[PDB]
Amino acid sequence: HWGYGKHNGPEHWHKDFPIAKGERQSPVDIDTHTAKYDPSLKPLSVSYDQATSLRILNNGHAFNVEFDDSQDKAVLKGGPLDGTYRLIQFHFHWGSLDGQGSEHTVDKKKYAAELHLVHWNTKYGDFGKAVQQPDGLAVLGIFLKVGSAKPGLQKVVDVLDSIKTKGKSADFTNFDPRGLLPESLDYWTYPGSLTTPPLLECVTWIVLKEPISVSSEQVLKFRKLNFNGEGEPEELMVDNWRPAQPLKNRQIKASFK
Ligand SMILES: Nc1cccc(-c2ccc(S(N)(=O)=O)cc2)c1
Ligand SMILES: Nc1cccc(-c2ccc(S(N)(=O)=O)cc2)c1
Ligand SMILES: [Zn+2]
């Protein structure tokens with residue numbers, strides 16, 4: 001099926017998912033000089049104190065740290081958003097080399113990786129219903145650069161050997177995603193899509209201006225994961241990013257001057 005190889009990668013997706021060529025596809029390049037400060041945008045409200053992580057899953061495309069989203073426990077509010085969005089999972093996209101890996105770019109700059117914290121609008125009742133709505137999801141995107149280690153990432157890094165291959169999962173309780181955030185919550189925002197099939201146009205993207213730093217050793221461990229299942233030829237899980245898509249009729253707004 002779809003993936004990130006020569007024969008099933010982003011340039012092929014449109015054949016099964018025609019929305020791939022749609023009017024509000026993600027990711028995009030963030031042209032910092034063209035993005036307009038919007039003084040009406042509110043500070044983001046990230047409320048993760050009551051988060052309940054449950055499990056970590058290798059799904060053959062990335063790994064997901066999954067949360068209990070059966071109550072308002074970890075929520076994103078404010079910013080460009082109307083209402084309350086519940087954290088369901090986070091995952092990353094990363095490269096084979098430090099010079100690539102991010103999905104969004106900033107003045108064409110690629111970062112080593114990009115963290116996506118995925119939230120759904122509670123007015124739609126559950127995640128499956130939310131992805132069918134133009135304002136169904138809010139994804140908080142955070143860039144990763146290689147430098148000093150991120151101590152809050154280490155618990156994630158250390159469990160990866162137990163979920164090496166597609167379909168493997170492991171208990172992953174009491175993980176605090178606040179340890180993955182940068183200091184500043186300054187952001188860019190625009191209407192877009194899921195960045196993998198089914199590529200649904202249901203996402204308010206909120207991309208933080210400040211990257212987090214992770215160590216070379218941390219990202220090297222991401223790169224030891226496998227796209228393949230157990231007992232299949234090893235294909236390293238690297239370069240699981242979609243490149244920038246046309247902005248078309250969209251404006252990127254900045255929360256900051
Ligand atoms: N080589 C090969 C064999 C069988 C199926 C495929 C394949 C399957 C799905 C897609 S896609 N990206 O979903 O359109 C692209 C390629 C590719
Ligand atoms: N299979 C499936 C079903 C529903 C949603 C998704 C999904 C969710 C989030 C994202 S992303 N990478 O955060 O934009 C991409 C795809 C994937
Ligand atoms: Zn993602």
Side-chain angles (χ1 to χ4, degrees), residues 24-49 51 65 67 74-76 78-94 101-122 130 133-145 147 150 152-153 176-195 201-214 241-245 247-256:
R24 56 176 280 189
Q25 287 292 289
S26 296
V28 300
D29 181 57
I30 301 167
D31 191 289
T32 66
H33 287 110
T34 295
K36 194 182 159 74
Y37 170 64
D38 187 346
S40 75
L41 285 172
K42 304 176 200 301
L44 206 48
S45 173
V46 182
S47 296
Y48 289 170
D49 45 292
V65 174
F67 290 79
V75 297
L76 183 66
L81 308 169
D82 292 331
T84 298
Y85 291 68
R86 279 193 200 157
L87 178 65
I88 177 170
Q89 53 108 322
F90 71 77
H91 60 272
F92 302 83
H93 307 261
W94 62 91
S102 69
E103 300 208 296
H104 293 90
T105 56
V106 178
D107 297 332
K108 301 294 175 83
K109 178 191 173 69
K110 297 174 165 97
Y111 287 87
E114 188 174 329
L115 166 63
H116 291 161
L117 294 125
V118 181
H119 314 73
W120 56 275
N121 196 328
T122 63
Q133 317 299 328
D135 60 350
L137 297 196
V139 185
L140 180 60
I142 303 178
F143 296 117
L144 276 65
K145 66 184 192 187
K150 191 65 163 178
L153 179 62
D176 186 350
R178 299 179 295 181
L180 298 174
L181 307 179
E183 288 181 2
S184 181
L185 297 178
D186 289 348
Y187 65 87
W188 295 284
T189 185
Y190 75 95
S193 74
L194 306 176
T195 67
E201 289 178 337
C202 63
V203 183
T204 300
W205 276 97
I206 300 167
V207 177
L208 296 191
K209 170 202 75 180
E210 185 189 331
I212 59 166
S213 292
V214 302
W241 51 277
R242 189 194 198 189
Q245 300 301 305
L247 188 64
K248 294 183 167 169
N249 187 44
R250 293 177 289 177
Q251 289 187 325
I252 303 174
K253 296 173 204 168
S255 75
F256 59 94

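Hydrogens, waters and symmetry mates are skipped; everything else that's a heavy atom, side chains included, is used. Throughout, numbering of the chain's residues begins at 1 and tracks the sequence.
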#### Entry: Verdict with supporting geometry, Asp107 and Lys109, salt bridge (charged side-chain N to carboxylate O under 4.0 Å, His left out)
CA-CA 6 Å; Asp107 297 332; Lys109 178 191 173 69; over 6 Å; no
### Query
Given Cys202 and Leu194, is the side-chain contact (heavy atoms from CB on, under 4.5 Å) satisfied, shown in steps?
CA-CA 7 Å; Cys202 63; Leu194 306 176; 4.0 Å; yes
### Task
Take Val106 and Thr32 through the side-chain contact (heavy atoms from CB on, under 4.5 Å) test and state the conclusion after the steps.
CA-CA 7 Å; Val106 178; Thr32 66; 3.5 Å; yes
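Side-chain rings of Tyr190 and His104 approach one another, their centers coming within less than 6.0 Å.
Counting heavy atoms from C-beta on, the side chains of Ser26 and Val203 never come closer than 4.5 Å. Side chains of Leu44 and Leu140 form a contact here, defined as non-hydrogen atoms less than 4.5 Å apart. Here the side chains of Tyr111 and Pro211 are in contact, with some heavy-atom distance below 4.5 Å.
The only member of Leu117, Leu137, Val118 that meets side-chain contact (heavy atoms from CB on, under 4.5 Å) when paired with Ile88 is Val118. Of the residues listed (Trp188, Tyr37, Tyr187), the one engaging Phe256 in a ring pair (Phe, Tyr, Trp, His ring centres under 6.0 Å) is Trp188, and it is the only one. Residue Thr195 is tested with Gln245, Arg242, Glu103, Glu114 for a side chain to side chain donor-acceptor pair (under 3.5 Å); the sole match is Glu103.
Going from atom CG of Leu247 over to atom CD1 of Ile252 covers 5.0 Å, rounded to the nearest 0.5 Å. One distance of note links CD1 of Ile142 with CG of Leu144; it measures 8.0 Å at 0.5 Å rounding. Note that the OG1 atom of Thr105 and the CG atom of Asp29 stand 3.5 Å from one another [nearest 0.5 Å]. Here the CG atom belonging to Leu87 is positioned 9.0 Å from the CG atom belonging to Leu76, to the nearest 0.5 angstrom. To the nearest 0.5 Å, atom NZ of residue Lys42 and atom OG of residue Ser255 are 13.0 Å apart. Atom CG of residue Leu153 and atom CG of residue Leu180 lie 6.0 Å apart, to the nearest 0.5 angstrom.
Shown here for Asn121 and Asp135, the closest heavy-atom pair between the two residues is ND2-O, 3.1 Å. The two atoms that bring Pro182 and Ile212 nearest to each other are N-CG2, 3.6 Å, heavy atoms only. Shortest non-hydrogen contact noted between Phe143 and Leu208 is CD1-O, 3.8 Å. Of all heavy-atom pairs between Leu181 and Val46, the closest is CD1-CG1, 4.1 Å. Nearest heavy-atom pair across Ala113 and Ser102 is O-CB, 3.9 Å. Contact record, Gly179 with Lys150: O-CE, 3.3 Å, taken as the closest heavy-atom pair.
Contacts of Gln251 classified as side chain to side chain contact (heavy atoms under 4.5 Å, CB included), with partners at least two apart in sequence or in another chain: none. Residues that satisfy the side chain to side chain contact (heavy atoms under 4.5 Å, CB included) test with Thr122, not counting sequence neighbours, are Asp72, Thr84, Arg86, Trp120. Every residue meeting the side chain to side chain contact (heavy atoms under 4.5 Å, CB included) condition with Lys253, not counting sequence neighbours, appears here in chain and number order: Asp38, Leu41, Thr189.
The backbone N or O of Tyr48 lies less than 3.5 Å from no partner atom in the side chain of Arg178, so there is not a single donor-acceptor pair. One N or O on the side chain of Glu210 and one on the backbone of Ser184 form a donor-acceptor pair closer than 3.5 Å.
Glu201 and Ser193 share no donor-acceptor pair across their side chains, judged by distance under 3.5 Å alone.
With a 6.0 Å radius and a threshold of 12 heavy atoms from other residues, nucleotides or ligands, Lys110 has its NZ atom at or below the threshold. Around the CG atom of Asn249, the shell of radius 6.0 Å holds no more than 12 heavy atoms that belong to other residues, nucleotides or ligands. Within 6.0 Å of the NZ atom in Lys248, the count of heavy atoms belonging to other residues, nucleotides or ligands exceeds 12.
Between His116 and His91, the angle of the ring planes goes over 60°, which puts this pair in the perpendicular group of the 30/60° scheme.
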